[PDB]
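Q: Input file: entry.txt. Contents: compact mmCIF, C-alpha atoms.
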```txt
# COMPACT_ATOMS: atom_id res chain seq x y z
CA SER T 53 81.36 127.87 85.94
CA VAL T 54 83.83 126.27 88.37
CA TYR T 55 81.38 126.69 91.24
CA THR T 56 78.52 125.02 89.36
CA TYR T 57 80.43 121.74 89.01
CA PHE T 58 81.61 121.92 92.63
CA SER T 59 78.24 122.74 94.18
CA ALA T 60 76.56 120.02 92.11
CA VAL T 61 78.45 117.34 94.06
CA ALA T 62 79.43 118.97 97.37
CA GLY T 63 77.97 117.52 100.56
CA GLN T 64 75.71 119.41 102.95
CA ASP T 65 78.81 120.70 104.71
CA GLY T 66 79.64 122.48 101.45
CA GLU T 67 82.73 120.35 100.87
CA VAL T 68 83.75 117.46 98.63
CA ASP T 69 85.42 114.22 99.69
CA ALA T 70 87.67 112.42 97.17
CA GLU T 71 84.79 110.61 95.45
CA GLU T 72 82.85 113.84 95.01
CA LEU T 73 85.98 115.65 93.81
CA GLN T 74 86.45 112.94 91.18
CA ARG T 75 82.84 113.41 90.07
CA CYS T 76 83.24 117.21 89.98
CA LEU T 77 86.44 117.13 87.94
CA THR T 78 85.06 114.54 85.53
CA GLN T 79 81.85 116.48 84.93
CA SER T 80 83.89 119.66 84.34
CA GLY T 81 85.68 117.91 81.47
CA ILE T 82 88.93 119.67 82.40
CA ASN T 83 91.00 116.70 81.17
CA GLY T 84 89.80 117.50 77.66
CA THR T 85 90.93 114.74 75.32
CA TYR T 86 93.20 113.17 77.95
CA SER T 87 92.36 110.40 80.39
CA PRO T 88 89.87 111.19 83.18
CA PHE T 89 91.14 111.27 86.79
CA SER T 90 91.27 108.29 89.13
CA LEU T 91 90.09 108.17 92.73
CA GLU T 92 93.68 107.83 93.98
CA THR T 93 94.69 110.97 92.13
CA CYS T 94 91.78 112.86 93.72
CA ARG T 95 92.71 111.48 97.14
CA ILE T 96 96.18 112.98 96.73
CA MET T 97 94.58 116.28 95.69
CA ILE T 98 92.56 116.30 98.91
CA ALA T 99 95.70 115.58 100.94
CA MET T 100 97.67 118.34 99.20
CA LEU T 101 95.25 121.00 100.48
CA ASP T 102 93.91 119.26 103.60
CA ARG T 103 95.08 121.88 106.11
CA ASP T 104 92.28 120.89 108.50
CA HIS T 105 93.06 117.16 108.36
CA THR T 106 89.49 116.23 107.41
CA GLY T 107 89.73 114.36 104.12
CA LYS T 108 87.48 117.03 102.61
CA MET T 109 87.86 120.20 100.56
CA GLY T 110 85.92 123.47 100.58
CA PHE T 111 85.49 125.70 97.53
CA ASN T 112 88.29 128.14 98.36
CA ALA T 113 90.81 125.31 98.43
CA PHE T 114 89.16 123.89 95.32
CA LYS T 115 89.79 127.19 93.53
CA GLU T 116 93.50 126.82 94.33
CA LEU T 117 93.44 123.23 93.08
CA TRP T 118 91.63 124.26 89.89
CA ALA T 119 94.27 126.89 89.06
CA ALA T 120 97.10 124.46 89.78
CA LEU T 121 95.42 121.84 87.57
CA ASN T 122 95.04 124.42 84.79
CA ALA T 123 98.79 125.06 85.08
CA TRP T 124 99.92 121.42 85.16
CA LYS T 125 97.70 120.63 82.18
CA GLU T 126 99.33 123.44 80.19
CA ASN T 127 102.77 122.05 81.09
CA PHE T 128 101.62 118.63 79.91
CA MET T 129 100.44 120.03 76.58
CA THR T 130 103.79 121.84 76.34
CA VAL T 131 106.04 118.82 76.92
CA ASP T 132 103.72 116.49 74.99
CA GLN T 133 105.69 117.08 71.78
CA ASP T 134 103.34 114.94 69.69
CA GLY T 135 99.59 115.07 70.20
CA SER T 136 98.98 111.58 71.58
CA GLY T 137 97.71 112.50 75.04
CA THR T 138 100.47 110.64 76.86
CA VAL T 139 104.08 111.65 77.45
CA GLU T 140 107.28 109.63 77.09
CA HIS T 141 109.86 109.06 79.83
CA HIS T 142 112.03 111.96 78.67
CA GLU T 143 109.08 114.35 78.59
CA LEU T 144 108.01 113.48 82.15
CA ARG T 145 111.54 113.90 83.49
CA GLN T 146 111.62 117.23 81.66
CA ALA T 147 108.28 118.36 83.10
CA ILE T 148 109.48 117.63 86.63
CA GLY T 149 112.58 119.78 86.13
CA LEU T 150 110.34 122.41 84.57
CA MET T 151 108.31 122.58 87.78
CA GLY T 152 111.45 123.44 89.73
CA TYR T 153 112.41 120.05 91.13
CA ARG T 154 116.08 119.09 91.24
CA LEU T 155 115.87 115.34 91.71
CA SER T 156 118.66 112.81 91.24
CA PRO T 157 118.65 110.63 88.09
CA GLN T 158 117.88 107.58 90.23
CA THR T 159 114.84 109.28 91.77
CA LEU T 160 113.49 110.41 88.39
CA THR T 161 113.94 106.83 87.18
CA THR T 162 112.03 105.50 90.19
CA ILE T 163 109.15 107.88 89.43
CA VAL T 164 109.12 106.89 85.74
CA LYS T 165 109.16 103.15 86.48
CA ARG T 166 106.19 103.40 88.85
CA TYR T 167 103.87 105.03 86.30
CA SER T 168 105.19 103.85 82.94
CA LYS T 169 102.75 101.79 80.85
CA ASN T 170 104.31 100.54 77.61
CA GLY T 171 106.84 103.35 77.91
CA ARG T 172 104.20 106.07 78.27
CA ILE T 173 102.83 108.17 81.14
CA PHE T 174 99.09 108.87 80.95
CA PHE T 175 97.54 112.20 82.00
CA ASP T 176 96.09 110.85 85.25
CA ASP T 177 99.53 109.65 86.36
CA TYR T 178 101.21 112.87 85.24
CA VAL T 179 98.85 114.92 87.41
CA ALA T 180 99.13 112.42 90.26
CA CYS T 181 102.89 112.93 89.98
CA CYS T 182 102.56 116.73 90.12
CA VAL T 183 100.21 116.63 93.10
CA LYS T 184 102.15 114.00 95.02
CA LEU T 185 105.50 115.74 94.46
CA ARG T 186 104.07 118.99 95.82
CA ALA T 187 102.31 117.40 98.81
CA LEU T 188 105.36 115.36 99.85
CA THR T 189 107.66 118.36 99.46
CA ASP T 190 105.34 120.59 101.50
CA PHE T 191 105.18 117.89 104.18
CA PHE T 192 108.97 117.47 104.16
CA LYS T 193 109.76 121.20 104.22
CA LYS T 194 107.77 121.62 107.45
CA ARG T 195 110.08 119.16 109.23
CA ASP T 196 113.26 120.65 107.73
CA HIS T 197 113.55 123.28 110.47
CA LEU T 198 117.12 124.34 109.66
CA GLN T 199 116.37 124.52 105.93
CA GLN T 200 119.15 122.07 105.01
CA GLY T 201 117.51 119.58 102.66
CA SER T 202 117.20 117.09 105.51
CA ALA T 203 114.66 116.28 108.21
CA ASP T 204 114.37 114.01 111.24
CA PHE T 205 110.95 112.35 111.58
CA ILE T 206 109.28 110.68 114.54
CA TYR T 207 107.64 107.46 113.27
CA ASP T 208 104.02 108.39 114.06
CA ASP T 209 104.42 111.81 112.39
CA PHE T 210 106.09 110.22 109.37
CA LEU T 211 103.36 107.58 108.99
CA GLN T 212 100.52 110.07 109.42
CA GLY T 213 101.77 112.35 106.68
CA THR T 214 102.85 109.72 104.16
CA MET T 215 99.72 107.58 104.68
CA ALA T 216 97.56 110.67 104.15
CA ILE T 217 99.27 111.56 100.86
CA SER V 53 97.38 77.03 90.78
CA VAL V 54 98.88 80.39 91.75
CA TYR V 55 101.71 80.05 89.22
CA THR V 56 99.18 79.47 86.43
CA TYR V 57 97.52 82.83 87.03
CA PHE V 58 100.89 84.54 87.40
CA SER V 59 102.55 83.07 84.29
CA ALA V 60 99.42 83.80 82.26
CA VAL V 61 100.15 87.53 82.42
CA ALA V 62 103.85 87.72 83.25
CA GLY V 63 106.05 89.52 80.76
CA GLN V 64 108.89 88.16 78.63
CA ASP V 65 111.14 88.69 81.66
CA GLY V 66 108.97 86.41 83.80
CA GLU V 67 107.74 89.33 85.86
CA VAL V 68 104.55 91.34 86.16
CA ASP V 69 104.16 95.10 86.14
CA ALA V 70 101.28 96.72 88.04
CA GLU V 71 98.71 96.30 85.24
CA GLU V 72 99.61 92.63 84.79
CA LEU V 73 99.44 92.11 88.56
CA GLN V 74 95.97 93.67 88.58
CA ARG V 75 94.88 91.24 85.85
CA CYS V 76 96.55 88.28 87.57
CA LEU V 77 94.84 88.91 90.91
CA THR V 78 91.48 89.50 89.25
CA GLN V 79 91.71 86.32 87.17
CA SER V 80 92.80 84.42 90.29
CA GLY V 81 89.49 85.15 91.98
CA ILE V 82 91.18 86.17 95.24
CA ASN V 83 88.86 89.17 95.12
CA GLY V 84 85.70 87.06 95.18
CA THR V 85 82.54 89.16 95.27
CA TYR V 86 84.41 92.21 96.58
CA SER V 87 85.48 94.91 94.11
CA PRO V 88 88.76 94.14 92.21
CA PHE V 89 92.06 95.69 93.27
CA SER V 90 92.78 99.11 91.76
CA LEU V 91 95.87 99.91 89.70
CA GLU V 92 97.17 102.05 92.57
CA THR V 93 96.84 99.21 95.07
CA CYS V 94 98.77 96.90 92.74
CA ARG V 95 101.45 99.57 92.36
CA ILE V 96 101.88 99.71 96.16
CA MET V 97 102.05 95.90 96.21
CA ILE V 98 104.97 96.03 93.78
CA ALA V 99 106.68 98.82 95.74
CA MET V 100 106.38 96.83 98.98
CA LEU V 101 108.42 93.95 97.52
CA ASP V 102 110.52 95.88 94.97
CA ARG V 103 113.96 95.09 96.42
CA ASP V 104 115.81 95.49 93.11
CA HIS V 105 113.91 98.68 92.23
CA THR V 106 112.28 97.87 88.87
CA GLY V 107 108.55 98.48 89.30
CA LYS V 108 108.11 94.78 88.55
CA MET V 109 107.63 91.59 90.59
CA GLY V 110 108.89 88.03 90.06
CA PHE V 111 107.06 84.89 91.15
CA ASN V 112 108.94 84.34 94.42
CA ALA V 113 107.95 87.81 95.58
CA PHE V 114 104.45 87.13 94.27
CA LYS V 115 104.25 83.98 96.42
CA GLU V 116 104.96 86.11 99.50
CA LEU V 117 102.34 88.63 98.36
CA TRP V 118 99.75 85.94 97.70
CA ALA V 119 100.18 84.65 101.25
CA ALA V 120 99.82 88.13 102.77
CA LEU V 121 96.82 88.94 100.59
CA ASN V 122 95.06 85.75 101.65
CA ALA V 123 95.71 86.62 105.30
CA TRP V 124 94.43 90.20 105.08
CA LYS V 125 91.43 88.94 103.13
CA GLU V 126 90.59 86.50 105.93
CA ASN V 127 90.77 89.31 108.43
CA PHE V 128 88.48 91.41 106.24
CA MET V 129 86.05 88.50 105.90
CA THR V 130 86.29 87.65 109.60
CA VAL V 131 86.76 91.10 111.17
CA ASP V 132 83.51 92.51 109.80
CA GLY V 137 81.29 95.31 100.65
CA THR V 138 82.87 97.31 103.43
CA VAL V 139 83.70 97.58 107.13
CA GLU V 140 83.33 100.55 109.52
CA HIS V 141 85.65 103.21 110.99
CA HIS V 142 85.93 101.36 114.31
CA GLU V 143 86.93 98.10 112.63
CA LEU V 144 89.64 99.55 110.38
CA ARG V 145 91.37 101.13 113.38
CA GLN V 146 91.08 97.75 115.06
CA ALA V 147 92.73 95.91 112.17
CA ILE V 148 95.60 98.42 112.09
CA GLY V 149 96.35 97.93 115.77
CA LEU V 150 96.08 94.16 115.50
CA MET V 151 98.74 94.22 112.79
CA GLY V 152 101.13 95.45 115.46
CA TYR V 153 100.89 99.16 114.69
CA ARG V 154 100.69 101.33 117.81
CA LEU V 155 99.69 104.70 116.38
CA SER V 156 98.18 107.84 117.91
CA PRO V 157 94.42 108.54 117.81
CA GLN V 158 94.97 111.36 115.31
CA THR V 159 97.12 109.19 113.04
CA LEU V 160 94.51 106.41 113.01
CA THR V 161 91.78 108.94 112.20
CA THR V 162 93.83 110.46 109.37
CA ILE V 163 94.30 107.00 107.87
CA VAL V 164 90.60 106.17 108.20
CA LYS V 165 89.55 109.54 106.76
CA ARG V 166 91.58 109.04 103.57
CA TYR V 167 89.67 105.91 102.58
CA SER V 168 86.34 106.37 104.36
CA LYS V 169 83.26 106.79 102.16
CA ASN V 170 79.88 107.17 103.82
CA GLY V 171 81.62 105.77 106.87
CA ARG V 172 82.65 102.58 105.08
CA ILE V 173 85.92 101.02 103.85
CA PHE V 174 86.02 98.92 100.66
CA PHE V 175 88.10 95.75 100.30
CA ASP V 176 90.49 97.38 97.82
CA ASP V 177 91.14 100.22 100.27
CA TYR V 178 91.49 97.94 103.29
CA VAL V 179 94.26 96.05 101.49
CA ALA V 180 95.89 99.21 100.12
CA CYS V 181 96.08 100.38 103.72
CA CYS V 182 97.70 97.11 104.84
CA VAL V 183 100.25 97.17 102.01
CA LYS V 184 101.10 100.87 102.32
CA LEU V 185 101.46 100.68 106.10
CA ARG V 186 103.96 97.84 105.65
CA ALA V 187 105.87 99.45 102.78
CA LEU V 188 106.22 102.80 104.56
CA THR V 189 107.26 101.23 107.86
CA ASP V 190 109.90 99.06 106.15
CA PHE V 191 111.26 102.15 104.38
CA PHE V 192 111.30 104.12 107.64
CA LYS V 193 112.82 101.32 109.71
CA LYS V 194 115.82 101.21 107.36
CA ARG V 195 116.78 104.83 108.14
CA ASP V 196 116.27 104.38 111.89
CA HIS V 197 119.74 103.01 112.61
CA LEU V 198 119.73 103.71 116.35
CA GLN V 199 116.22 102.26 116.52
CA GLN V 200 115.01 105.36 118.36
CA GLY V 201 111.68 105.43 116.54
CA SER V 202 113.00 108.47 114.69
CA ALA V 203 114.72 108.74 111.31
CA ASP V 204 116.67 111.26 109.24
CA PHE V 205 115.88 111.68 105.55
CA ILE V 206 117.79 113.67 102.98
CA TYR V 207 115.13 115.23 100.68
CA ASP V 208 115.97 113.26 97.54
CA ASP V 209 116.00 109.92 99.42
CA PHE V 210 112.69 110.78 101.10
CA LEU V 211 111.07 111.59 97.75
CA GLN V 212 112.41 108.47 96.05
CA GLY V 213 110.95 106.17 98.67
CA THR V 214 107.62 107.93 99.11
CA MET V 215 107.02 108.43 95.36
CA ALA V 216 107.73 104.74 94.75
CA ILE V 217 105.30 103.57 97.43
```
If you convert what's in this file into structure tokens, what do you get?
A:
Amino acid sequence: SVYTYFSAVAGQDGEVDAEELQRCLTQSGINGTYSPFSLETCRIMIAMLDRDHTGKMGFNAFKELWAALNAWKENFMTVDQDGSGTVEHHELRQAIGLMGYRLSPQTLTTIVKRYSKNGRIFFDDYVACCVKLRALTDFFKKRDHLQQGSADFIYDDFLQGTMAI
Amino acid sequence: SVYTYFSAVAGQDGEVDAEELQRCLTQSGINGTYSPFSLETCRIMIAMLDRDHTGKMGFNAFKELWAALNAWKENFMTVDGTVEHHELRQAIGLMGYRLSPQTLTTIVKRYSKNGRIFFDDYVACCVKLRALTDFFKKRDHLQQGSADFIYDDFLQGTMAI
């Protein structure tokens, strides 16, 4: 019943903005026993799939988001050794590697320190991390024309993309 | 009594993490009638002044933040709980940012709700614009308005902010 939750909050244009996406996801109960999603997290979700640069999301893109969310949640449940509903530093760093990222120790530490609350990473931040990593990497890859692991950005292009995400 | 609010929530290390900063600012009343700052906004505030990379902020940095916050708040209260699309663009330009029409629209579209911008979002925008520009400026050695980023460095800076 993915469509039921989506259509219940979509605007007359048949799309959801971040606030409506938050409402849709919350009503769907996809987070299960974990924390519900925050508006910021949903804003990053919109950015991740915002190919039209509109701040909105149609159902086809939502379907893609839904499947990705299903996947990241499973990964969370997998690395969440204990039940708790929150993961420890080591488990987050592990999850990131599990998703295919090869980040330096310093970078992983930066990510951990931004989200850590009493040494734990809550579900909303875990997902925000997954979505933001993907969106920033997609954005970066498009400017890495020679496929070298480097990119040269013009200020206005850099600011547009990073402010959006 | 800025220090009073700060020290009331600061940790054993004399610094505040994002959650403590959120509490500090709320208890300080800087928010007034407007809606309190979100955890995300406070996280960007820390990132903006996180020179030693710890995800925490000491009082000296907080003093700088407090001054900036008060200034952006005045603009919000005197450049008009929300503002409109036309006014946000205005504020961005006034802060010295000369961006393209598309870039300004993209920024406005991320926060816009029913055509309005809430106080928390207005400030988040101000803080993020400053953090990102500082980060970018540091890689623009020739000051050409362009900057190289090695993937890992790019991710570290943008995930922190």
Q: For residue 172 of chain T, list every protein, DNA or RNA residue within 8 Å, evaluated using only C-alpha atoms, and leave out those in the same chain fewer than 5 positions away; present the list as an MDAnalysis selection string.
A: chainID T and resid 138:141
Q: Residues of the last selection are to be written out with C-alpha atoms, as an mmCIF file, in the frame of the given file.
A:
```cif
data_model
loop_
_atom_site.group_PDB
_atom_site.id
_atom_site.type_symbol
_atom_site.label_atom_id
_atom_site.label_comp_id
_atom_site.auth_asym_id
_atom_site.auth_seq_id
_atom_site.Cartn_x
_atom_site.Cartn_y
_atom_site.Cartn_z
ATOM 1 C CA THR T 138 100.470 110.640 76.860
ATOM 2 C CA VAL T 139 104.080 111.650 77.450
ATOM 3 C CA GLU T 140 107.280 109.630 77.090
ATOM 4 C CA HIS T 141 109.860 109.060 79.830
#
```
Q: Can you list, as a PDB file with C-alpha atoms, in the coordinates of the input, every protein, DNA or RNA residue that comes within 6 Å of residue 67 of chain V when you count all atoms listed in the file, leaving out same-chain residues fewer than 4 positions away?
A:
```
ATOM      1  CA  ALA V  62     103.850  87.720  83.250  1.00  0.00           C
ATOM      2  CA  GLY V  63     106.050  89.520  80.760  1.00  0.00           C
ATOM      3  CA  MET V 109     107.630  91.590  90.590  1.00  0.00           C
ATOM      4  CA  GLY V 110     108.890  88.030  90.060  1.00  0.00           C
TER       5      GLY V 110
END
```
Q: For segment 91-208 of chain V versus segment 58-75 of chain T, which residues have an atom no more than 9 Å away, and what is each residue's nearest atom pair and distance in Å rounded to one decimal, using all atoms listed in the file, chain-then-number order, as JSON lines?
A:
```
{"residue": "V:166", "atom": "CA", "partner": "T:70", "partner_atom": "CA", "distance": 8.2}
{"residue": "V:167", "atom": "CA", "partner": "T:70", "partner_atom": "CA", "distance": 8.7}
{"residue": "V:169", "atom": "CA", "partner": "T:71", "partner_atom": "CA", "distance": 7.9}
```
Q: Could the residues of chain T within 7 Å of chain V, counting only C-alpha atoms, be given as JSON, numbers by chain, please?
A: {"T": [92, 95, 105, 106, 107, 155, 156, 159, 162, 163, 165, 166, 201, 202, 203, 204, 205, 206, 207, 208, 212, 215, 216]}
Q: By how many Å are atom CA of residue 112 of chain T and atom CA of residue 78 of chain T apart?
A: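 Interatomic distance here is 19.0 Å.
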Q: Please measure the separation of atom CA of residue 74 of chain V and atom CA of residue 210 of chain T, giving the value in Å to one decimal.
A: 28.4 Å
Q: Considering only C-alpha atoms, state which residue in the set V:97, V:118, V:130, V:87 is at the smallest distance from residue 53 of chain V.
A: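 Among the listed residues, V:118 lies closest to residue 53 of chain V.
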Q: Hey, can you pull every residue with an atom no more than 12 Å from (98.7, 124.4, 85.1), using only C-alpha atoms, and send it as a PyMOL selection string?
A: chain T and resi 82-83+116-130+147+150-151+178-179+182-183
Q: Can you work out the spacing between atom CA of residue 89 of chain V and atom CA of residue 213 of chain T in Å, to one decimal?
A: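 A separation of 23.5 Å between them.
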Q: What's around residue 57 of chain V at 10 Å? Count all atoms listed in the file, leave out sequence neighbours fewer than 2 positions away in its own chain, and write the answer as a PyMOL selection string.
A: chain V and resi 53-55+59-62+73+75-81
Q: Please determine, counting only C-alpha atoms, which residue among T:53, T:161, T:189, T:136 has the shortest atom-to-atom distance to residue 87 of chain T.
A: T:136
Q: Restricting the calculation to only C-alpha atoms, which member of V:146, V:83, V:64, V:199 is positioned closest to residue 126 of chain V?
A: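 So, comparing all the options, the nearest one is V:83.
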Q: Using all atoms listed in the file for the distances, tell me which of T:153, T:134, T:177, T:100 is nearest to residue 214 of chain T.
A: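 Distance minimum relative to residue 214 of chain T lands on T:100.
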Q: T:160, T:173, T:217, T:94: which is nearest residue 132 of chain T, counting only C-alpha atoms?
A: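 Ranking T:160, T:173, T:217, T:94 by distance to residue 132 of chain T, first place goes to T:173.
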Q: With distances taken over all atoms listed in the file, which residue among V:127, V:137, V:187, V:197 lies nearest residue 172 of chain V?
A: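 When distances to residue 172 of chain V are compared using all atoms listed in the file, the smallest one comes from V:137.
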Q: Mind checking which residues fall within 12 Å of residue 103 of chain T, counting all atoms listed in the file, ignoring those fewer than 5 positions away in the same chain, and posting them as an mmCIF file with C-alpha atoms, in the frame of the given file?
A:
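So the final result, stored in around_33.cif, reads:
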```cif
data_model
loop_
_atom_site.group_PDB
_atom_site.id
_atom_site.type_symbol
_atom_site.label_atom_id
_atom_site.label_comp_id
_atom_site.auth_asym_id
_atom_site.auth_seq_id
_atom_site.Cartn_x
_atom_site.Cartn_y
_atom_site.Cartn_z
ATOM 1 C CA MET T 97 94.580 116.280 95.690
ATOM 2 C CA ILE T 98 92.560 116.300 98.910
ATOM 3 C CA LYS T 108 87.480 117.030 102.610
ATOM 4 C CA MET T 109 87.860 120.200 100.560
ATOM 5 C CA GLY T 110 85.920 123.470 100.580
ATOM 6 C CA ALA T 113 90.810 125.310 98.430
ATOM 7 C CA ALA T 187 102.310 117.400 98.810
ATOM 8 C CA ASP T 190 105.340 120.590 101.500
ATOM 9 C CA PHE T 191 105.180 117.890 104.180
ATOM 10 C CA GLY T 213 101.770 112.350 106.680
ATOM 11 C CA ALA T 216 97.560 110.670 104.150
ATOM 12 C CA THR V 162 93.830 110.460 109.370
#
```
Q: Please supply segment 67-89 of chain T, rebuilt with N, CA and C atoms, as a PDB file, in the frame of the given file.
A:
```pdb
ATOM      1  N   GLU T  67      81.411 120.831 101.260  1.00  0.00           N
ATOM      2  CA  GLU T  67      82.730 120.350 100.870  1.00  0.00           C
ATOM      3  C   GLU T  67      82.625 119.056 100.069  1.00  0.00           C
ATOM      4  N   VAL T  68      83.718 118.689  99.409  1.00  0.00           N
ATOM      5  CA  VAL T  68      83.750 117.460  98.630  1.00  0.00           C
ATOM      6  C   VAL T  68      84.796 116.509  99.209  1.00  0.00           C
ATOM      7  N   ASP T  69      84.467 115.224  99.242  1.00  0.00           N
ATOM      8  CA  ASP T  69      85.420 114.220  99.690  1.00  0.00           C
ATOM      9  C   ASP T  69      86.071 113.792  98.366  1.00  0.00           C
ATOM     10  N   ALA T  70      86.992 112.838  98.394  1.00  0.00           N
ATOM     11  CA  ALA T  70      87.670 112.420  97.170  1.00  0.00           C
ATOM     12  C   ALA T  70      86.740 111.933  96.058  1.00  0.00           C
ATOM     13  N   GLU T  71      85.743 111.138  96.422  1.00  0.00           N
ATOM     14  CA  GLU T  71      84.790 110.610  95.450  1.00  0.00           C
ATOM     15  C   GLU T  71      84.024 111.743  94.775  1.00  0.00           C
ATOM     16  N   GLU T  72      83.585 112.713  95.565  1.00  0.00           N
ATOM     17  CA  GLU T  72      82.850 113.840  95.010  1.00  0.00           C
ATOM     18  C   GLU T  72      83.764 114.726  94.166  1.00  0.00           C
ATOM     19  N   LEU T  73      85.028 114.850  94.571  1.00  0.00           N
ATOM     20  CA  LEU T  73      85.980 115.650  93.810  1.00  0.00           C
ATOM     21  C   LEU T  73      86.175 114.998  92.442  1.00  0.00           C
ATOM     22  N   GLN T  74      86.289 113.672  92.433  1.00  0.00           N
ATOM     23  CA  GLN T  74      86.450 112.940  91.180  1.00  0.00           C
ATOM     24  C   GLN T  74      85.250 113.214  90.268  1.00  0.00           C
ATOM     25  N   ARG T  75      84.055 113.172  90.844  1.00  0.00           N
ATOM     26  CA  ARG T  75      82.840 113.410  90.070  1.00  0.00           C
ATOM     27  C   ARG T  75      82.841 114.837  89.520  1.00  0.00           C
ATOM     28  N   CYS T  76      83.192 115.799  90.370  1.00  0.00           N
ATOM     29  CA  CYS T  76      83.240 117.210  89.980  1.00  0.00           C
ATOM     30  C   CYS T  76      84.216 117.449  88.826  1.00  0.00           C
ATOM     31  N   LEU T  77      85.436 116.952  88.974  1.00  0.00           N
ATOM     32  CA  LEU T  77      86.440 117.130  87.940  1.00  0.00           C
ATOM     33  C   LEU T  77      86.045 116.453  86.628  1.00  0.00           C
ATOM     34  N   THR T  78      85.480 115.257  86.722  1.00  0.00           N
ATOM     35  CA  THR T  78      85.060 114.540  85.530  1.00  0.00           C
ATOM     36  C   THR T  78      83.958 115.309  84.801  1.00  0.00           C
ATOM     37  N   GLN T  79      82.942 115.738  85.541  1.00  0.00           N
ATOM     38  CA  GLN T  79      81.850 116.480  84.930  1.00  0.00           C
ATOM     39  C   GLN T  79      82.328 117.792  84.304  1.00  0.00           C
ATOM     40  N   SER T  80      83.368 118.399  84.874  1.00  0.00           N
ATOM     41  CA  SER T  80      83.890 119.660  84.340  1.00  0.00           C
ATOM     42  C   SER T  80      84.579 119.452  82.988  1.00  0.00           C
ATOM     43  N   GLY T  81      85.008 118.223  82.726  1.00  0.00           N
ATOM     44  CA  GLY T  81      85.680 117.910  81.470  1.00  0.00           C
ATOM     45  C   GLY T  81      87.048 118.561  81.324  1.00  0.00           C
ATOM     46  N   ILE T  82      87.632 118.999  82.435  1.00  0.00           N
ATOM     47  CA  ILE T  82      88.930 119.670  82.400  1.00  0.00           C
ATOM     48  C   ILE T  82      90.055 118.864  81.724  1.00  0.00           C
ATOM     49  N   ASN T  83      89.976 117.538  81.782  1.00  0.00           N
ATOM     50  CA  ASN T  83      91.000 116.700  81.170  1.00  0.00           C
ATOM     51  C   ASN T  83      90.969 116.766  79.641  1.00  0.00           C
ATOM     52  N   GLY T  84      89.917 117.370  79.096  1.00  0.00           N
ATOM     53  CA  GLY T  84      89.800 117.500  77.660  1.00  0.00           C
ATOM     54  C   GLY T  84      89.840 116.158  76.949  1.00  0.00           C
ATOM     55  N   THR T  85      90.811 115.988  76.058  1.00  0.00           N
ATOM     56  CA  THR T  85      90.930 114.740  75.320  1.00  0.00           C
ATOM     57  C   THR T  85      91.763 113.698  76.051  1.00  0.00           C
ATOM     58  N   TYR T  86      92.369 114.089  77.167  1.00  0.00           N
ATOM     59  CA  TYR T  86      93.200 113.170  77.950  1.00  0.00           C
ATOM     60  C   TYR T  86      92.372 112.258  78.840  1.00  0.00           C
ATOM     61  N   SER T  87      93.042 111.320  79.502  1.00  0.00           N
ATOM     62  CA  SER T  87      92.360 110.400  80.390  1.00  0.00           C
ATOM     63  C   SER T  87      91.677 111.150  81.521  1.00  0.00           C
ATOM     64  N   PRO T  88      90.599 110.571  82.072  1.00  0.00           N
ATOM     65  CA  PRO T  88      89.870 111.190  83.180  1.00  0.00           C
ATOM     66  C   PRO T  88      90.709 110.887  84.424  1.00  0.00           C
ATOM     67  N   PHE T  89      90.380 111.501  85.557  1.00  0.00           N
ATOM     68  CA  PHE T  89      91.140 111.270  86.790  1.00  0.00           C
ATOM     69  C   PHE T  89      90.668 110.063  87.571  1.00  0.00           C
TER      70      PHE T  89
END
```
